[PDB]
């Protein structure tokens, strides 16, 4: 006979701001061509990557998230006191525990707010953004920080001519909160665990710890499998995201697919049939593939250069590791 109470928050939520942080060190294609048999021109034409950013030895996924969050808050004209929760989405927090979220919250002056780490491969941002919107509309929070951060450089095998030039470091955060009108569309997501090996850490940490003299872990990438999967299936996920958002393809002002490979994204543009003048994120050129931090970093690049503008309707499509994807239509932040 006892009835559990039901709570609810603001139905209309949106991106109040985006803040980005990219490590200082610039690493050129030729800088890694010392241990690989390819060239600078080959890399660019195959991936679209010219340069990449590597974080300093004293930096981590957590420290870069702190920096990204401070910038997002500043750009939103808010402080941690206005934040009710923080979701850190990453794949490079090199500690089984504790999670990064609490320490990140403390570093902003809000050591006590709720928060957790979200891992869904490269698509962690999409899932995190959706979970934040879900929590806020549900009344569990009013304003949140969602920060994608990655320090992939230490996981790269310089001798792997297959991906040594793909991954990079960086972090970008968005402030999610109430907005006059809906700014975040329904979440469209899924996965394919049958191809979980397409992007992976080859040796688990325990197997390594129980035999420290053997081969150490490194990130491996089966290029052909990822290309075939993403290039041919993300078109349909993108249409599902727009449909769920109740928007037509021609109404999309900006397209921000995961910055995994220029060639894959170029095919997605053709497949999605967006307006000929739609702006497409190409932050991969000098940022490389920063996994979970990829789309928020790309959004920031588009906004700081003027290519994209506040209010623009953007199609976000994250795809990657575990072979999971998350997409949604959103209104670009300020």
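Numbering follows the first chain given and starts at 1.
Please work out which of 193-201 and 100-108 has the higher mean CA B-factor as recorded in the PDB entry. Looking at the recorded C-alpha B-factors, 193-201 comes out higher on average.
Determine, for stretches 61-69 and 305-313, which one has the higher mean CA B-factor as deposited. Comparing 61-69 with 305-313, the higher average CA B-factor belongs to 305-313.
Between 117, 150, 250, 236, which carries the biggest CA temperature factor in the record? Highest C-alpha B-factor among the listed residues goes to 250.
Based on the PDB record, which member of 20, 323, 15, 326 exhibits the highest Cα temperature factor? In the PDB entry, the greatest C-alpha B-factor among 20, 323, 15, 326 is found at 323.
Of the three thirds of its chain by CA temperature factor, lowest, middle or highest, which one includes residue 130? As the PDB entry reports it, the C-alpha B-factor of residue 130 lands in the lowest third of its chain.
Which third, lowest, middle or highest, does the CA B-factor of residue 271 fall in along this chain? For residue 271, the deposited C-alpha B-factor lands in the middle third.
Considering every modelled residue of the chain and its Cα B-factor in the PDB entry, is residue 207 in the lowest, middle or highest third? Highest third, going by the recorded CA B-factors of the chain.
Residue 48 by Cα B-factor - lowest, middle or highest third of the modelled chain: Top third by C-alpha B-factor.
Grab the CA temperature factor for residue 137 from the record and place it in the lowest, middle or highest third of its chain. It falls in the bottom third of the chain.
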